[PDB]
Amino acid sequence: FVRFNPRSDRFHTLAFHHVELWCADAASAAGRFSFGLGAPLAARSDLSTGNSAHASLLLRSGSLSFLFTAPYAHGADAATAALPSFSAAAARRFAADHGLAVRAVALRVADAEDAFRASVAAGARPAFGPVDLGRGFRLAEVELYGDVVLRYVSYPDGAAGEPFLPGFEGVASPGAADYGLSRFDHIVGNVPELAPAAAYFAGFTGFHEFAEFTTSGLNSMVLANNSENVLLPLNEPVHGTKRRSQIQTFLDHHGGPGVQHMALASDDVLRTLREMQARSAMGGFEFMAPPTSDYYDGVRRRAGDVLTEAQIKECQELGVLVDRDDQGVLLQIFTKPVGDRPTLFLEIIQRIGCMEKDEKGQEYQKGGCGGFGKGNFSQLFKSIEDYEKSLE
Amino acid sequence: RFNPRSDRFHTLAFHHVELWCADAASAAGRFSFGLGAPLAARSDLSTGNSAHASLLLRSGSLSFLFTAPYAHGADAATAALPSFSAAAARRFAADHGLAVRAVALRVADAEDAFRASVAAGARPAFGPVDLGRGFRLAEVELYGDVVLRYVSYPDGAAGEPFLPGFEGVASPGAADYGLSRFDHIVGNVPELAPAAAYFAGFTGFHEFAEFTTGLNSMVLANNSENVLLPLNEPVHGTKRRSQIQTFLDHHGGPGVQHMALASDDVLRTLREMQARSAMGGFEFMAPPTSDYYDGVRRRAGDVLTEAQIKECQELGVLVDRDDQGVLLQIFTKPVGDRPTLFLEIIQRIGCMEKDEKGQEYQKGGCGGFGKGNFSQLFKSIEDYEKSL
Ligand SMILES: [Fe+2]
Ligand SMILES: [Fe+2]
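Taken in sequence, the protein lines are chains A and B. Take 403 as the starting number for the first sequence in this note's numbering and just add one per residue. Take 22 as the starting number for the second sequence in this note's numbering and just add one per residue.
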């Protein structure tokens, strides 16, 4: 149901800006994600650019921005880091600690200095004080959950032509094309306990609850900004049970709280999935086994009035799950872990519905249109369990 | 000129090369796509291995293993590679970043290779052990934190994925780009003489070639000479900082500088590889300017056609020759973040010594190592700095 929205953000939160993974080797991670996701390299900051502290590669597709960063070892001169908050020692420990993982969830805000200030005044634990990067660009960080930080980035609307962040050199893509992913939809974190994680996070941002799924194996709650275009869910495990909670399994292998999955939206998910799946065999990402025709007979009954046989067929061929909503239709699919451990994975989706306008010809879509796959949980759990037992 | 055939143990050929990292999935995936080597075997949590995640890529006879250690809830006993040590691997990655940890050769008897090696000076790294099904493994120190690994197994075991404990992975939707075998693997050390004395000393590998130019080099080889393992040391002086020292500096010690991978049709191979550079594959050294190709016409116009020279020029491949042999070669830019490890793609033309029946055995090293191209090499990187 639609939960009330008290529009209580403590600072103006515009939208997701980017995500940064602190890696063992940026070249490797960025390189694989670039062809695996169809996100050409767009900016860079490394030795070739005068940064001898860290190597950073920014991949982009539509409005999706993925930053991959790794520390140099010797001859490293910290003062040359394009990202002032970088810590070689911290990064090195991060990589050994979790393998491939998300370090920063960055949101564009009206003013990074005021967002930090209002955040710390409301309990946020500071991670990196506000600094100017140049051209009206500001950055600040506070602790989100575990060793993941919530990063604030602000700049004049007129500076949006910047490749990424000051200090980053733009990279052109002439012999390059994307697969259709356009934006981050939601970023989910796993914590040992929801309430305290939620109280701290909602308490310093003013973000409100948009949705919740409670019980197997987990309790989830989605937090959103005023306009609800920024969605940050949190999961906690449910103890006891039969098999170990999939949430606990992550905390165990990951070694603590962290980003579990990131949902990436496409406006034509079928075209996008075909491109990704064509790359699976040679280093790309793999997807969860497609459900069986029974599941799909069910989608014909559940939503045969929005998808066409040739579409539902495509869905079954790729392994896409389909959910219906009081006001929208959701197509979603999950990849297998993108790193060495069964921790971080990706979700690819497309939302159908909830379109409206704002005195302009551009028709915007309501955030979270179609839900989060509540109807598919049953199947998702069965696919996960089966694969689990399959791993014995 | 003289092959003393002094091997202290039976060295059959290159078996695989293992790179250690904190993140093997990323490295393996990028390399798979960049080299055209589909996944052929794995050993990890999904196979009962909670100590390390290992991925084996393969193209023809080339085998690349990528390994990273698990951090929490790990059982060391479950390692498929008994020599693996989590703490040593973590330290290795923080020290060198993405790099080659092991150069593995297939030998007659791994135990015999080890015993014969330490009997002659080798620093032991891991004692011989039986992995099961006739498979044996041992390791000794090569240079720095890189080890020379020995594996052995009966010709009937060849019917298995990799080493016991590794699960085979089928690649129905996967095709390679023509890379078929390792040609040579080069290590950089601070001082050549002692390192080469040590290395040639415990293996019995003889000196195949030598280049005394800012670096000096010796190429050691096994009896059949199908295993070539060169060494470089930097020569200090003049102005420019030795590219060999740059490696040592950024890498933090001795280590593998480059691996030359051979293809039977390198032009065909390079087109596939270069078509993927823009999307995460590997980048190469910018092509030499046309005057260089005016040069290969002059120097190899008798063995290569105009169409073939232009193809080389489009791809940026360098050409060189010796007596009875032609070498085609190209260098990629660093494969990881640090200006250290890189790859060399080549094809050797000639030295097809046979008894009139058909192509079956080419002498190793046919065409040299690119001596005639060093000057273009110095110029290509100079053109990089002189283009910030
Ligand atoms: Fe999701
Ligand atoms: Fe070479």
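Yeah, the Cβ is synthetic: ideal placement off N, Cα and C, and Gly gets one too.
* Say yes only if the C-beta of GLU749/A is nearer than 7 angstroms to one or more non-hydrogen atoms of ligand 1, and no if none qualify. => yes
* Distance cut-off 7 angstroms: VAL347/B Cβ against heavy atoms of ligand 2 -> no
* Asked: When you compare only the Cα positions, how much space is there between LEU241/B and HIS227/B?
  -> 5 angstroms
* Asked: Beta carbon of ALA281/B: closer than 7 angstroms to some heavy atom of ligand 2?
  -> yes
* Taking only beta-carbon atoms, is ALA114/B less than 8 angstroms away from chain A? -> yes
* Asked: Per DSSP, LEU443/A is paired with what?
  -> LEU461/A
* To do: Compute the minimum distance between the beta carbon of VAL277/B and the heavy atoms of ligand 2, and state whether it is under 7 angstroms.
  => no
* Asked: Considering only residues of the same chain and omitting the five flanking positions on each side of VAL640/A, which have a CB-CB separation below 7 angstroms?
  -> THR617, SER618, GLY619, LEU620, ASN621, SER647
* Own chain residues within Cβ distance below 7 angstroms of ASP270/B, not counting five before or after -> none
* Would you say the beta carbon of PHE418/A comes nearer than 7 angstroms to a heavy atom of ligand 1? -> no
* Report buried or exposed for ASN778/A, applying the criterion of at least 16 other Cβ atoms within 10 angstroms of its Cβ. => buried
* What does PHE747/A touch in chain B if you count any residue whose Cβ is under 8 angstroms from its own? -> Chain B residues near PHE747/A: none, gap ~12 angstroms exceeds 8 angstroms.
* Asked: Hey, quick one: how far does the alpha helix (DSSP H) through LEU336/B stretch, first residue to last?
  -> 327-336
* Check each residue of the stretch 494-525 of chain A: if its Cβ is closer than 8 angstroms to any Cβ of chain B, include it; give the result in chain order. => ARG494, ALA497, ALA498, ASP499, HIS500, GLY501, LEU502
* Of the listed residues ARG505/A, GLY563/A, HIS663/A, nearest to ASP549/A (C-alpha basis) -> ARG505/A
* CB-CB under 6 angstroms to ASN244/B, same chain, minus the five flanking residues each way: which ones, in chain order? -> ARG26, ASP28
* **Min CB distance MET684/A to chain B below 8 angstroms** => yes
* **Interface residues of the stretch 453-484 of chain A facing chain B [CB-CB below 8 angstroms]** => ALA457, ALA472, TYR474, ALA475, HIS476, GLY477
* Residue span of the alpha helix (DSSP H) that contains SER396/B, given as start and end -> 395-406
* How about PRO442/A: is its C-beta nearer than 8 angstroms to some C-beta of chain B? -> yes
* Where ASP742/A meets chain B, residues with beta-carbon distance less than 8 angstroms -> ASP44, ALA45, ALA46, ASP65, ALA74, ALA89, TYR91
* At a cut of 8 angstroms, does the stretch 767-782 of chain A reach the stretch 108-124 of chain B through at least three beta carbon pairs? -> no
* Asked: Say the cut is 7 angstroms; is the CB of residue 384/A nearer than that to a heavy atom of ligand 1?
  -> Because chain A spans 403 through 794 in this model, residue 384/A falls outside it and cannot be assessed.
* Taking C-beta pairs closer than 7 angstroms, name the residues in chain D that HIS655/A reaches, listed in chain order. => Going by chain labels, chain D is absent from the structure shown, which instead holds the protein chains A and B.
* To do: Put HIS93/B into one of helix, strand or coil per three-state DSSP.
  => coil
* From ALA457/A, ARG673/A, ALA542/A, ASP696/A, residue whose alpha carbon lies closest to that of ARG510/A -> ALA542/A
* **Cα-Cα separation between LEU782/A and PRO309/B, rounded to whole angstroms** => 54 angstroms
* Name the two residues that bound the continuous alpha helix (DSSP H) containing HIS272/B. => 264-272
* Asked: In terms of DSSP beta bridges, what is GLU381/B paired with?
  -> Partner(s): none; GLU381/B has no beta bridge.
* Asked: How many angstroms separate the CA atom of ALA481/A from the CA atom of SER489/A?
  -> 11 angstroms
* Return the CA-CA distance between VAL207/B and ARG446/A, expressed in angstroms with no decimal places. => 30 angstroms
* Ranges of the beta strand (DSSP E) found wholly within the stretch 566-622 of chain A, counting only runs of at least 3 -> 583-592, 610-615
* To do: Return the first residue and the last residue of the beta strand (DSSP E) that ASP341/B is part of.
  => 339-342
* alpha helix (DSSP H) segment containing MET294/B, residue limits -> 287-295
* To do: Determine whether the Cβ of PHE54/B lies closer than 8 angstroms to any Cβ atom of chain A.
  => yes
* Comparing alpha-carbon positions, which option in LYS260/B, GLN266/B, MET280/B, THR259/B lies nearest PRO251/B? -> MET280/B
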